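Everything on this sheet refers to the single structure shown next.
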Amino acid sequence: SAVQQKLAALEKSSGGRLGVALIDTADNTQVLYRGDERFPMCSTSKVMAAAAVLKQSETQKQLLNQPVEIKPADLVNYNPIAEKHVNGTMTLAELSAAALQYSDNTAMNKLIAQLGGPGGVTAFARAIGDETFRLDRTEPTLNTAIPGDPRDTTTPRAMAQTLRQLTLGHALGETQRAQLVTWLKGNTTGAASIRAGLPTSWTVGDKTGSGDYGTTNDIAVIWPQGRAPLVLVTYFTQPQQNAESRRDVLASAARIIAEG
């Protein structure tokens, strides 16, 4: 199609590997580019950890208010929110918000611990029908993004379908789904990625991710004005281990998709 020609040209100009999945919920059509190739998820995996904890709270109604102690030993490489609460507590709701809206890595590791390890996050993916997602490591090593390494990867198609189910579908209860949507809409890290390629009137909830090999990711639910929402996943990774992040590529991919 026309969009796939332009995405391939974008990819060629960028020097990396680009994966795109769009789901238009108006007619359940999909637009895929390398939709079935694995990409390192990096921090986009935090959506699955948060959703898994939300799913637990459908039975444990008070779970999100449970205080979790933040100790100096818990802090890893990037903890913008958790660092504000060292030797204090944060609730699981606060940790989920910090993981999603600030990409706090300590928050993610606490969510993983709550689920019983990376295997517990992966279990939740399987439970909602995602057989592709795999979380193998904790923060920060899940971001190594080594070419060919299947650990901590998913495919664009799988992540788009799962993000659709979590936010627009009914994989979560109604209160949990609304909470997830609210968190995603309040993301603070996404201004230069998918959002930058879309009309300013459209409301976006997204989760970015970045890692080694210049890995630059963004997954988003998009509510266009007077139009059915869209789910857009953009994964991008590069051949050089020290390559710089390329958020502009995600913005350009979104712009190409939005032209259609």
Side-chain angles (χ1 to χ4, degrees), residues 1-45 47 130 132-133 145 147-148 153-165 167-168 184-185 187 189-240 243-260:
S1 75
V3 173
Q4 288 172 343
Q5 293 269 24
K6 280 184 176 176
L7 291 170
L10 175 66
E11 184 183 57
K12 186 177 177 185
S13 75
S14 76
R17 184 168 63 100
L18 175 70
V20 177
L22 170 88
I23 300 169
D24 187 351
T25 67
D27 51 5
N28 294 12
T29 54
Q30 297 185 348
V31 176
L32 300 178
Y33 187 79
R34 302 192 187 277
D36 293 312
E37 299 190 17
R38 290 195 170 265
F39 291 79
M41 283 181 290
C42 302
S43 283
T44 66
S45 61
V47 175
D130 188 329
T132 304
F133 176 98
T153 61
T154 192
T155 66
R157 183 208 293 267
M159 189 62 108
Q161 293 170 334
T162 289
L163 187 64
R164 180 197 185 156
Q165 288 304 312
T167 58
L168 304 168
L184 292 174
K185 285 182 187 174
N187 182 33
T189 66
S193 302
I194 284 176
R195 292 168 190 258
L198 300 183
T200 42
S201 68
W202 295 9
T203 300
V204 183
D206 78 296
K207 176 76 197 82
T208 56
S210 66
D212 289 351
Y213 286 86
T215 297
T216 313
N217 302 330
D218 198 11
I219 67 182
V221 181
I222 305 158
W223 295 266
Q225 293 277 328
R227 195 215 185 281
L230 317 150
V231 175
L232 175 63
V233 167
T234 55
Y235 284 91
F236 179 72
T237 193
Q238 304 182 63
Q240 299 298 323
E244 310 170 9
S245 297
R246 287 295 302 277
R247 290 170 187 89
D248 61 299
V249 170
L250 311 190
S252 294
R255 193 184 315 270
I256 287 162
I257 295 292
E259 289 168 7

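Sequence positions, counted from 1, serve as the residue numbers for this chain. Just the heavy atoms: all of them, side chains too, but no hydrogens, waters or symmetry mates, feed the values below.
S201 is linked by a side-chain contact (heavy atoms from CB on, under 4.5 Å) to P199, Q225, counting only residues two or more places apart in sequence or in another chain. For the side-chain contact (heavy atoms from CB on, under 4.5 Å) test, residues two or more places apart in sequence or in another chain that qualify with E259 are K6, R255.
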>> Apply side chain to side chain contact (heavy atoms under 4.5 Å, CB included) to residues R164 and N28 and explain how you reach the verdict.
In response: CA-CA 11 Å; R164 180 197 185 156; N28 294 12; 3.0 Å; yes

>> Between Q161 and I23, does the side chain to side chain contact (heavy atoms under 4.5 Å, CB included) criterion hold? Intermediate values first, please.
In response: CA-CA 8 Å; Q161 293 170 334; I23 300 169; 4.0 Å; yes

>> Pair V221, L163 - check side chain to side chain contact (heavy atoms under 4.5 Å, CB included), show working.
In response: CA-CA 8 Å; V221 181; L163 187 64; 3.8 Å; yes

>> Assess the residue pair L10 and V249 against the criterion (side chain to side chain contact (heavy atoms under 4.5 Å, CB included)); give the C-alpha distance rounded to whole Å, side-chain angles, the decisive distance to 0.1 Å, and a yes or no.
In response: CA-CA 8 Å; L10 175 66; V249 170; 4.1 Å; yes

> How far apart are the C-alpha atoms of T162 and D130, what are their side-chain angles, what is the distance that settles it, and do they pass the side chain to side chain donor-acceptor pair (under 3.5 Å) test?
Replying inline: CA-CA 7 Å; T162 289; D130 188 329; 2.5 Å; yes

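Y235 places a side-chain heavy atom less than 4.5 Å from the side chain of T154. Proximity of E11 to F236: side-chain heavy atoms (C-beta onward) are nowhere separated by under 4.5 Å. A 4.5 Å side-chain heavy-atom check between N217 and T208 finds every atom pair outside the cut-off. Side chains of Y33 and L22 form no contact here, defined as non-hydrogen atoms less than 4.5 Å apart. Residues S210 and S245 are in side-chain contact: their nearest non-hydrogen atoms beyond the backbone lie under 4.5 Å apart. At least one side-chain heavy atom of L232 sits under 4.5 Å from a side-chain heavy atom of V20. Proximity of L184 to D206: side-chain heavy atoms (C-beta onward) are nowhere separated by under 4.5 Å. Between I257 and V3, some side-chain heavy-atom pair lies under the 4.5 Å cut-off.
Remark: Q4 CD is packed, more than 12 non-hydrogen atoms of other residues, nucleotides or ligands lying under 6.0 Å away. In the displayed structure, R247 atom CZ is contacted under 6.0 Å by at most 12 heavy atoms of other residues, nucleotides or ligands.
Between the side chain of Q238 and the backbone N or O of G15 there is no donor-acceptor pair closer than 3.5 Å. Listed for the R38 side chain is a donor-acceptor partner under 3.5 Å among the backbone atoms of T132. Side chain of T216 to main chain of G214: a donor-acceptor pair is present (N/O by atom type, distance under 3.5 Å, no hydrogens or angles). In this structure, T153 contributes its side chain and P40 its backbone to no donor-acceptor pair below 3.5 Å.
Residue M159 holds its CE atom at 4.0 Å from OG1 of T44, rounded to the nearest 0.5 Å. Between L230 atom CG and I222 atom CD1 the span is 5.5 Å, to the nearest 0.5 Å. Remark: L7 CG to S14 OG distance equals 11.0 Å, nearest 0.5 Å. Residue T237 holds its OG1 atom at 12.5 Å from CZ of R246, rounded to the nearest 0.5 Å.
The heavy-atom pair separating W223 from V204 by the smallest distance is CZ3-C, 4.3 Å. What you find for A196 and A191 is that their closest heavy atoms are CB-O, 3.4 Å. Here the closest heavy-atom approach between residue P224 and residue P229 is recorded as CD-CA, 3.8 Å. Contact record, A160 with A21: CB-CB, 3.7 Å, taken as the closest heavy-atom pair.
A donor-acceptor pair shorter than 3.5 Å cannot be found between the side chains of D36 and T155.
Within the cation-pi definition used here (under 6.0 Å to the ring centroid, within 45° of the axis), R17 qualifies as a partner of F39.
With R195 as reference, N187 is the one residue of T203, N187, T200 to meet the side chain to side chain contact (heavy atoms under 4.5 Å, CB included) rule.
Here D218 does not pair with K207 in a salt bridge; the nearest charged N to carboxylate O distance is not below 4.0 Å.
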